[PDB]
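Participant:
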Amino acid sequence: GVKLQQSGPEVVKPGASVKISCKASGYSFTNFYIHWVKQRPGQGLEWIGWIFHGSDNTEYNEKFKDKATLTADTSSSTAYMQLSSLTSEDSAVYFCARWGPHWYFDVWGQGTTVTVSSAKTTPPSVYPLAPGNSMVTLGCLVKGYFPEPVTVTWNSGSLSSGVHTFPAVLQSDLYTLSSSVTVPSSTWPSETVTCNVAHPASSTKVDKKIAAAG
Amino acid sequence: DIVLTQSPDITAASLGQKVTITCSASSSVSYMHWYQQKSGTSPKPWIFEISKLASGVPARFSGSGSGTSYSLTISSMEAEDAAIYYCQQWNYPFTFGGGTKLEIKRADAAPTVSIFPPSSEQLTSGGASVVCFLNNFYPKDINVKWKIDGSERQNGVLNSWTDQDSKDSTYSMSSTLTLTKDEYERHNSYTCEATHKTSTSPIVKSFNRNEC
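Chains as they are written, first to last, in the deposited numbering: chain H, 1 to 52, 52A, 53 to 82, 82A to 82C, 83 to 100, 100A, 101 to 209; chain L, 1 to 27, 29 to 94, 96 to 106, 106A, 107 to 213.
1. What does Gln-105 (chain H) touch in chain L if you count any residue whose Cβ is under 7 Å from its own?
2. With distances taken from CA atoms, which of L:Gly-127, L:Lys-18, L:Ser-56 and L:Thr-199 is nearest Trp-47 (chain L)?
3. Between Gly-101 (chain L) and chain H, is any beta-carbon pair separated by less than 7 Å?
4. May I ask you to report which of helix, strand or coil DSSP gives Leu-45 (chain H)?
5. May I ask you to verify whether the stretch 117 to 133 of chain L touches the stretch 184 to 191 of chain L, counting CB pairs closer than 8 Å and requiring at least 3?
6. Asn-136 (chain L) touches chain H at which residues, Cβ-Cβ below 8 Å?
7. By the three-class DSSP mapping on this structure, what secondary structure does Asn-128 (chain H) have?
8. Does any C-beta atom of chain L lie closer than 7 Å to the C-beta of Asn-60 (chain H)?
9. Could you tell me whether the Cβ of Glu-184 (chain L) comes closer than 7 Å to any Cβ of chain H?
10. What residue range is occupied by the uninterrupted beta strand (DSSP E) comprising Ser-21 (chain H)?
11. Who does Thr-182 (chain H) pair with in a DSSP beta bridge?
12. Using CA atoms only, rank isn't needed, just tell me which of H:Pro-179, H:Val-164 and H:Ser-181 is closest to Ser-173 (chain H).
13. Using the Cα positions of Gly-26 (chain H) and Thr-110 (chain H), report the straight-line distance between them to the nearest angstrom.
14. Assign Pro-97 (chain H) to buried or exposed, taking buried as 16 or more other Cβ atoms, counted over all protein chains shown, within 10 Å of its Cβ.
15. Determine the DSSP secondary structure at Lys-66 (chain H), reduced to helix, strand or coil.
16. Please say whether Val-176 (chain H) and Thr-160 (chain H) have beta carbons closer to each other than 7 Å?
17. Thinking C-alpha only, which one of H:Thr-107, H:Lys-204, H:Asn-191 and H:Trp-149 is nearest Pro-9 (chain H)?
18. On the criterion of 16 or more Cβ atoms from any shown chain inside 10 Å, does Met-174 (chain L) qualify as buried, or is it exposed?
19. Contact criterion: CB-CB distance below 7 Å. Does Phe-52 (chain H) meet it with respect to chain L?
20. Would you tell me roughly how many angstroms separate the C-alpha atoms of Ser-87 (chain H) and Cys-213 (chain L), rounded to the nearest one?
21. Between the alpha carbons of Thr-57 (chain H) and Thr-74 (chain L), how many angstroms are there, rounded?
22. State buried or exposed for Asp-82 (chain L), treating a residue as buried only when at least 16 other CB atoms are found within 10 Å of its CB.
23. In this structure, does DSSP put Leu-82C (chain H) in helix, strand or coil?
24. Would you identify the three-state DSSP class for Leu-124 (chain L), choosing helix, strand or coil?
25. Rounding to the nearest angstrom, what Cα-Cα distance links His-35 (chain H) and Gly-134 (chain H) in this structure?
26. Could you tell me the distance, in whole angstroms, from the CA atom of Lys-38 (chain H) to the CA atom of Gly-152 (chain H)?
27. Residue ranges of each alpha helix (DSSP H) run of no fewer than 4 residues wholly in the stretch 134 to 211 of chain L, ordered along the chain?
28. Compare the C-alpha of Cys-23 (chain L) against each of L:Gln-17, L:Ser-43 and L:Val-3 and name the closest.
29. What would DSSP say about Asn-150 (chain H), mapped onto helix, strand or coil?
30. Would you please state the rounded distance, in angstroms, between the beta carbons of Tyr-79 (chain H) and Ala-67 (chain H)? I believe it to be under 8 Å.
31. Need the endpoints of the beta strand (DSSP E) that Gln-89 (chain L) sits in, please.
32. Cβ closer than 8 Å: which chain H residues qualify as neighbours of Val-30 (chain L)?
33. Should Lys-19 (chain H) be labelled buried (16 or more other beta-carbon atoms within 10 Å of its own) or exposed?
34. Should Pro-112 (chain L) be flagged as near chain H, meaning a C-beta pair shorter than 7 Å?
35. At a Cβ threshold of 7 Å, is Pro-162 (chain H) touching chain L?
36. Please state the DSSP three-state secondary structure of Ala-55 (chain L).
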């Protein structure tokens, strides 16, 4: 159907610049406007501006002139948004959207995450968390990594029900998160339960078996 | 300079219940749009030009209003309607309201508290983190208190929370106390206390550095 494909996640150091893309497919691209929207961590939506297939037949939210530059490539039906001299205030997920015929943002991109930080790519230290009784709860502590995100699974996905993975928190410029899994006491330590943590950015993946003791 | 204020900030409704949220414009506006966003996903067009339903939106939804006040109503609340709803000015500067969080109401549920001592693996590397999970409870409201050898501790504590589990509609929370091997080895008793409405008495879980 009408689709907009946005570029992948970006990590950029303060003062640097980045250019995000939104490719349209399933339509005449130049017949509709492409809008850009910003959403900071845990906050609301902000309109940045729009472009109407003319690298500078644009309109911006005053706040974003001097931060964002919108351009378009009709030869590939792609909209671009360049953000300059980034600061931590620029860390957010950026969405592109088409201003449809009924005049509302009718089709949206999946969003591109931008993280502005001078932190270094660091793999997480993964620690097993062992317990006590009937439906038993076990855990996995994923500490000190950068950047987001990490993917946590239990028994390679065999255990999906009863799994809770908490949002990461940032401390000392590194992320930390935990995941818990609950199982019948007749399952563990009777059988093996392991947490698998993948961290794409550092190309690492670790398996930590939950063993008895505390 | 039109400001859009949405009310209420957060609200919960039982399944089959009628719900209405509002968006107030500091000044008059001709049309208002509404979007629905669920954690980890992009906003989806919901209502446009005040009362028109966007594609993919069930008939139980409706919109009304004019001038400075608009509303979005759900004739009968359903689990899948739990989300954040944003109103948006129809023309430049295309300003959005701060959003309203709609949650699905369910029967109260005390949390299942679990406390975990630092792993041997982390200890052998010189670190020490104590973790507590407060799982599957209902009314998001909950307070966690850590106690080391009886004394309450306020810092070095990081908390995180999950949204309503689309299965049981409960919330969960983790609390982590981080320390150096020495800070942890100096004390013996570690306690995680949860205070939830479903209990007049706080739920306590503990362990002794040595024994437990």
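Even for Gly, the Cβ is constructed at its ideal location relative to N, Cα and C.
Facilitator: From the atom records:
1. If you number the first sequence from 1, residue 105 (chain H) lands on position 110. Result: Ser-43.
2. Along the second sequence, one-based indexing puts residue 47 (chain L) at 46. Of L:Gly-127, L:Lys-18, L:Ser-56 and L:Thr-199, the residue nearest in Cα terms is L:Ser-56.
3. Walking along the second sequence from the start, residue 101 (chain L) turns up at place 99. It does; some Cβ of chain H falls within 7 Å.
4. What you label residue 45 (chain H) is simply residue 45 of the first sequence in a count that begins at 1. If DSSP states are grouped into helix, strand and coil, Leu-45 (chain H) belongs with coil.
5. yes
6. Reading the second sequence from its first residue, position 135 is the one you call residue 136 (chain L). By Cβ distance, chain H contributes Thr-132, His-159, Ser-175 and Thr-177.
7. As a first step, residue 128 (chain H) is located in the first sequence; it is residue number 133 there, counting from the start. Here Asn-128 (chain H) sits in coil by DSSP.
8. As a first step, residue 60 (chain H) is located in the first sequence; it is residue number 61 there, counting from the start. Cβ-Cβ to chain L under 7 Å: yes for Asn-60 (chain H).
9. For this step, residue 184 (chain L) is matched to residue 183 along the second sequence. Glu-184 (chain L) does not count as touching chain H.
10. Within the first sequence, residue 21 (chain H) is the residue found at index 21, counting from 1. Element bounds for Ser-21 (chain H): 18 to 25.
11. Here residue 182 (chain H) refers to the residue found at position 187 when the first sequence is read from its first residue. Per DSSP, none; premise fails for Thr-182 (chain H).
12. Here residue 173 (chain H) corresponds to residue number 178 of the first sequence, with the count starting at 1. Nearest of H:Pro-179, H:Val-164 and H:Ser-181 to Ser-173 (chain H), Cα basis: H:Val-164.
13. By 1-based counting over the first sequence, the position of residue 26 (chain H) is 26. By 1-based counting over the first sequence, the position of residue 110 (chain H) is 115. Answer to the nearest angstrom: the Cα atoms are 30 Å apart.
14. Sequence index remark: in the first sequence, residue 97 (chain H) carries index 101 (1-based). Exposed, because fewer than 16 other Cβ atoms sit within 10 Å of the Cβ of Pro-97 (chain H).
15. Within the first sequence, numbered from 1, the residue matching residue 66 (chain H) stands at position 67. Reduced to three states, the DSSP call for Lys-66 (chain H) is coil.
16. Numbered from 1 along the first sequence, position 165 holds the residue referred to as residue 160 (chain H). Numbered from 1 along the first sequence, position 181 holds the residue referred to as residue 176 (chain H). Against a cut-off of 7 Å, the Cβ pair of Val-176 (chain H) and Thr-160 (chain H) comes out as no contact.
17. The residue given as residue 9 (chain H) occupies position 9 in the first sequence. Nearest C-alpha to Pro-9 (chain H): H:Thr-107.
18. On the second sequence, position 173 is the one that residue 174 (chain L) refers to. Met-174 (chain L) comes out buried.
19. Taking the first residue of the first sequence as position 1, residue 52 (chain H) is located at position 52. No, no contact with chain L.
20. In the first sequence, residue 87 (chain H) corresponds to position 91, counting from 1. In the second sequence, residue 213 (chain L) corresponds to position 212, counting from 1. Taking the straight line joining both Cα atoms gives about 43 Å.
21. Numbered from 1 along the first sequence, position 58 holds the residue referred to as residue 57 (chain H). Numbered from 1 along the second sequence, position 73 holds the residue referred to as residue 74 (chain L). The straight-line gap from Cα to Cα measures roughly 35 Å.
22. Position 81 of the second sequence holds residue 82 (chain L). The residue in question, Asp-82 (chain L), is buried, as its Cβ has 16 or more Cβ neighbours within 10 Å.
23. The count along the first sequence starts at 1 and reaches residue 82C (chain H) at position 86. Residue state, collapsed to three classes: coil.
24. Stepping through the second sequence from its first residue, residue 124 (chain L) is reached at position 123. Helix at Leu-124 (chain L).
25. By one-based count along the first sequence, residue 35 (chain H) stands at place 35. By one-based count along the first sequence, residue 134 (chain H) stands at place 139. About 42 Å.
26. Translated into positions along the first sequence, residue 38 (chain H) becomes position 38. Translated into positions along the first sequence, residue 152 (chain H) becomes position 157. Cα to Cα, the separation comes out at about 33 Å.
27. 182 to 186
28. In the second sequence, counting from the first residue as 1, residue 23 (chain L) sits at position 23. It is L:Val-3 whose Cα lies nearest to the Cα of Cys-23 (chain L).
29. Start at 1 with the first residue of the first sequence, and residue 150 (chain H) comes out as number 155. Three-state result, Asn-150 (chain H): helix.
30. In the first sequence, the residue the question calls residue 79 (chain H) occupies position 80. In the first sequence, the residue the question calls residue 67 (chain H) occupies position 68. That pair is no contact at about 10 Å.
31. By one-based count along the second sequence, residue 89 (chain L) stands at place 88. Note, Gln-89 (chain L): beta strand (DSSP E), 84 to 90.
32. Looking up residue 30 (chain L) in the second sequence gives position 29. Chain H residues near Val-30 (chain L): none, gap ~14 Å exceeds 8 Å.
33. Indexing the first sequence from 1 puts residue 19 (chain H) at position 19. Exposed, by the Cβ-count rule.
34. The sequence position of residue 112 (chain L) within the second sequence is 111, counting from 1. Judged by the 7 Å Cβ criterion, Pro-112 (chain L) is not in contact with chain H.
35. On the first sequence, residue 162 (chain H) is found 167 positions in, with the first residue counted as 1. Interface residue, yes.
36. Numbered from 1 along the second sequence, position 54 holds the residue referred to as residue 55 (chain L). Of the three classes helix, strand and coil, the one that applies to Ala-55 (chain L) here is coil, per DSSP.
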